[PDB]
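As structure tokens, one chain now follows by itself in the form deposited in one PDB entry.
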């Protein structure tokens, strides 16, 4: 099985289209770069999972009514920048200098999501070298490890559902001799 075929079988059409659109903005070609398309699909999928299972009520109380998180990843950078900058103004906070992956309506922070094949901690601190504390960080590995800058933001159950998806994907890729494509 080829990577492109795996992608089309394991990811929703919306995610695939967005990740390709994004690679195009950077003029990376999805057909020449199937590992990048895979990685971008996973990252965007994780973002969507996080936003899909956190809601808030009229007062501001959590629940596993309105979405807790706005996904900024997956839009064209020009729109994404207008959206980041406008959310930040409308909540009276600093606009980060990097483009974020999510906005948390509860804590009023921008979130950077990271996916890694190494250890979650190594990728946490690397991200923090650039971002300082402009954003919260949510780092997931394919080795069942995580590294949140705020443990409450995401529930212990939810971290585990993202970790299991990743574990699912690594398993199938390995079964199909495609994991080596990513390493």
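Positions refer to the first chain, counted from 1.
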Deposited residues missing from the model between residue 64 and residue 65 number 10 or more
Entry-level comparison of average CA B-factors, 154-162 and 130-138, reporting the higher stretch: 154-162
So, looking at the entry's B-factor column for Cα atoms, which has the higher mean, 34-42 or 47-55? 47-55
Residue 78 by Cα B-factor - lowest, middle or highest third of the modelled chain: lowest
With respect to C-alpha B-factor, does residue 1 fall in the lowest, middle or highest third of the chain as deposited? lowest
Where does the C-alpha B-factor of residue 89 rank in its chain, lowest, middle or highest third? highest
Assert third(CA B-factor, residue 14) within chain per record equals highest
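There is also a form solved in complex with a partner chain; it is not shown, and the following applies to it.
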Within 4.5 Å of its partner chain in the entry with it bound, do 15, 72 and 86 each have at least one heavy atom? yes
Using a 4.5 Å heavy atom cut-off, indicate which stretch of 152-160, 50-58, 115-123, 31-39 touches its partner chain in the entry with it bound. 50-58
Is residue 93 near its partner chain? Define near as a heavy atom within 4.5 Å, in the entry with it bound. no
May I ask you to state whether residue 67 is within 4.5 Å of its partner chain in the entry with it bound, using heavy atom distances? yes
Does at least one non-hydrogen atom of residue 165 fall within 4.5 angstroms of its partner chain in the entry with it bound? yes
